[PDB]
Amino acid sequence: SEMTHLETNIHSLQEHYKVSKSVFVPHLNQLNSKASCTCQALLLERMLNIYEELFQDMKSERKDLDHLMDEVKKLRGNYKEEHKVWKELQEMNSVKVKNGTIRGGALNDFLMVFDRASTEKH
C-alpha cells in the first residue's frame, strides 16, 4: 500500500533522469547462498586477514612467524564465504554514486532491494 507510492516516485524519478541497468539485483541474486554466514564469523575473518598481512609485514622487516602465518592460512581456508561477503561489501561501498549507469541501475533495483530489506526484518 506504501509500495504503490514508492513505485510512483521511482517512475517519475526515472522520467526526469532519462530496458534498464541493474546494480544491486546481482547482489540479491547471490543472497540465499549466504544463509549460513554470521556477522560474528565475518568479524573473526577480518581479524585473521589482518594477522596474515601483519605476519607478512613483520617478515619483510623465522620459524615463529612462519608457523603462525601457516596456521592462519590453514584456518582462513574455513572462512572463504565470510571473505566473499567482505569483498562484496567493499565492492558495493566502492560504487560511484555520481555515475549515470549506477544512478539508472540503482533506480531500477530500488524496489527489489527495499522489498528484500523489509522482508528481512518482518
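Residues carry their position along the shown sequence, with the first being 1.
According to the entry, the stretch of the deposited sequence that connects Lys18 to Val19 contains 4 to 9 residues lacking coordinates, which leaves a gap of moderate length in the model.
A chain break between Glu61 and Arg62 is present, corresponding to 4 to 9 residues of the deposited sequence without coordinates. The question of which stretch, 45 to 53 or 90 to 98, has the higher mean Cα B factor is settled in favour of 90 to 98. Legend: mean Cα B-factor per stretch from the PDB entry, 111 to 119 versus 4 to 12; the higher mean is in 4 to 12.
Among the modelled residues of the chain, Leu68 sits in the middle third by CA temperature factor in this PDB entry.
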